[PDB]
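**Student:** Got a structure here, written out as C-alpha cells. Questions coming.
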C-alpha cells in the first residue's frame, strides 16, 4: 500500500484510536469522488487504504474526522475535521489537539 | 472584525507575506459558497475579511494557498493548500484568529478564540 | 525591545496567560546565567524582557514553564518546560519573537525574526 | 528499550537521517549527567539508547542536534538544538524546520 495515515493525540500522548479517515480523488468533472476509507488502529495507524495499481496520479483529499474523536472523549473541539489535499510511499501524519492540529507528509521509497 | 488570519513561514522564520486566503461558507445544498478573500500583509495578517453582522453561525472553510507561496520561494511543497473547517458559535461574544505555520511538507493551524 | 515571547494554548484555543518565562545567557564558563524573566500577559505575550543595548550577540535560552501552566489547568503534562536555545546575530537590525504553541504532550516553537 | 527518538524533516518530507541525539539524567547534585547518545538511522529513528533496568525514575533531557543537521544541508537554522525535558515505552518525536520545531511524546504500554 502506497498510502498510510497515522494520527496522534497531543493531549494524552497516545495514538488516536478509532479515528475515521476518508480519502477522495478529484474526478475529471472537478468533483471529489470517494476513494477509500477506514479507521485508525490501536497504534493510531491506518494501513491498506489502497494499492499501487489504484493509487494513480491525481489530486487526493484525506479527511480525518477529528471532531467525532474529540467529542467521544468529552471535548468540544474547534475543527470539523483535518483535511490534507495533495497531488500525487506516502505517510500522512496528523497530530491533534482540541483547537489545533498539524499534519506532515513523509514520502519515501 | 470577528475573523482574522495569520500565517507564518517556518523555513524563513518570518510572516508569510502575500499569501492568498479564501473563506467559504457551507450553503443549504452542501456546497461551499465564496464568502471573502484577501492576501496576507507584510505582517502575515489578513484583517477585515468580514463583519460581526455578516459572520453568522455556520460552517466555514478557510483555504490558504500554501502551494503558490512555496512555488514563489522555489521550494517544492506537498500540500495543494491548507484548509481549516469549523462551525462558528455565537454563544457569547467571540473573535476568531486562525493561525497557520507553514513548512513545505507540513503545516499546523490553531484557532485562538477570545472574548 | 528586541525579544518578545508569545505563548498559545492548543487545548483551550487561547493565549496561555500567566506562564512564567525565564531567559538565560551562556557565560564564559559554559553555565547559564539568568538574564530576564516575566509572566505572559492576558494576550499570552511577554514584552520588555530586554533592551537593544543589553541584548548583545550570544547564546540565549528561553525557558517556558509549561508544567506549572498545565498543573493549574488540572491536565497531566509530559514536559518539565519548553526550552528554546539560539544564537543571536546582529547582522542587520533584528527583532525576535519566540512563539510557542502548547499541548500537554507536545509543543512547537517558532522564531519570527523581522527587521 | 523504553526510549525511542524519531526525527522528521518538514522541508523535505523525509526522515531526518544521521541526527545526533544526546540523553542526560539529572543527578543528585542537580547536574546533568550524560546517559546515552546515538544517531538517527535511515528511518529517522534511534533505537537502543537504554534498557529498562537503566532507565530509572528521574528527570531526563533529550538534546537533538538540529543545528548540525541543517548546516550539513546548507541551511543556517535558528535553534542550537531541540531540547526535550521530562520526568519519568516513550517515543520522543521531533519535527524540524529551519526556524521551528515541534516535539511530541507518545507514551504506551
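Protein chains in written order, with the entry's author numbering: chain A, 10 to 97, 104 to 124; chain B, 10 to 124; chain B', 10 to 124; chain A', 10 to 97, 104 to 124. A prime marks a further copy of an entry chain.
Where a beta carbon is used, it is the ideal one built from N, C-alpha and C, also for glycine.
What's the C-alpha gap between residue 79 of chain A' and residue 113 of chain A'?
**Tutor:** Per the coordinates, the alpha-carbon of residue 79 of chain A' lies some 7 Å from the alpha-carbon of residue 113 of chain A'.
**Student:** Checking the sheet assignment: what are the DSSP bridge partners for residue 69 of chain B?
**Tutor:** B:34 and B:95
**Student:** Using CA coordinates, which residue listed in B':124, B':87, B':48 and B':102 is at the minimum distance from residue 62 of chain B'?
**Tutor:** B':102
**Student:** Verify the CB distance criterion: does residue 122 of chain B' have a CB-CB separation below 8 Å to chain B?
**Tutor:** Contacts with chain B at 8 Å (Cβ-Cβ) include residue 122 of chain B'.
**Student:** By alpha-carbon positions, which one of A':71, A':68, A':89 and A':70 ends up nearest to residue 77 of chain A'?
**Tutor:** Comparing C-alpha distances from residue 77 of chain A' to each of A':71, A':68, A':89 and A':70 shows the shortest one belongs to A':89.
**Student:** Should residue 123 of chain A go down as buried or exposed, given a rule of 16 or more other Cβ atoms within 10 Å for buried?
**Tutor:** Classification of residue 123 of chain A: exposed, given that the 10 Å Cβ count is below 16.
**Student:** Quick one: what's residue 18 of chain B' bridged to in DSSP?
**Tutor:** B':23 and B':111
**Student:** Let me check one thing: in DSSP terms, what residues is residue 48 of chain B bridge-paired to?
**Tutor:** B:29
**Student:** Could one say the Cβ of residue 17 of chain B lies closer than 8 Å to chain B''s Cβ atoms, at least one of them?
**Tutor:** yes
**Student:** What residues of chain B sit near residue 49 of chain A, judged by a beta carbon separation below 8 Å?
**Tutor:** The contacting residues do not exist; residue 49 of chain A stays about 19 Å from chain B at best.
**Student:** Run through DSSP, which three-state label would residue 117 of chain A get?
**Tutor:** strand
**Student:** Please classify residue 18 of chain B as buried or exposed, where buried requires at least 16 other C-beta atoms within 10 Å of its C-beta.
**Tutor:** buried
**Student:** Is it right to say residue 97 of chain A is buried, meaning 16 or more other beta carbons lie within 10 angstroms of its own, or is it exposed?
**Tutor:** exposed
**Student:** How would you write the range of the alpha helix (DSSP H) that residue 82 of chain B' sits in, first residue to last?
**Tutor:** 75 to 82
**Student:** What do you get for residue 65 of chain B, buried or exposed, if any count of 16 or more other CB atoms within 10 angstroms of its CB means buried?
**Tutor:** exposed
**Student:** Against chain A', with Cβ distances strictly below 8 Å, would residue 82 of chain B count as a contact?
**Tutor:** no
**Student:** Can you give me the Cβ contacts of residue 49 of chain A' inside the same chain, cut-off strictly under 8 Å, excluding the 5 residues immediately before and after it?
**Tutor:** 14, 15, 16, 24, 25, 26, 27, 28, 30 and 55
**Student:** Check whether the Cβ atoms of residue 22 of chain B and residue 120 of chain B' lie closer than 8 Å to each other.
**Tutor:** yes
**Student:** Take residue 117 of chain B and list the residues in its own chain whose beta-carbon comes closer than 6 Å to its own, dropping the five residues that flank it on each side.
**Tutor:** Sequence-distant Cβ neighbours of residue 117 of chain B in its own chain, meaning closer than 6 Å and more than five residues away, are 110.
**Student:** Can you find a C-beta in chain A' that's less than 8 Å from the C-beta of residue 110 of chain B?
**Tutor:** yes
**Student:** What residues of chain B' sit near residue 68 of chain A', judged by a beta carbon separation below 7 Å?
**Tutor:** 89
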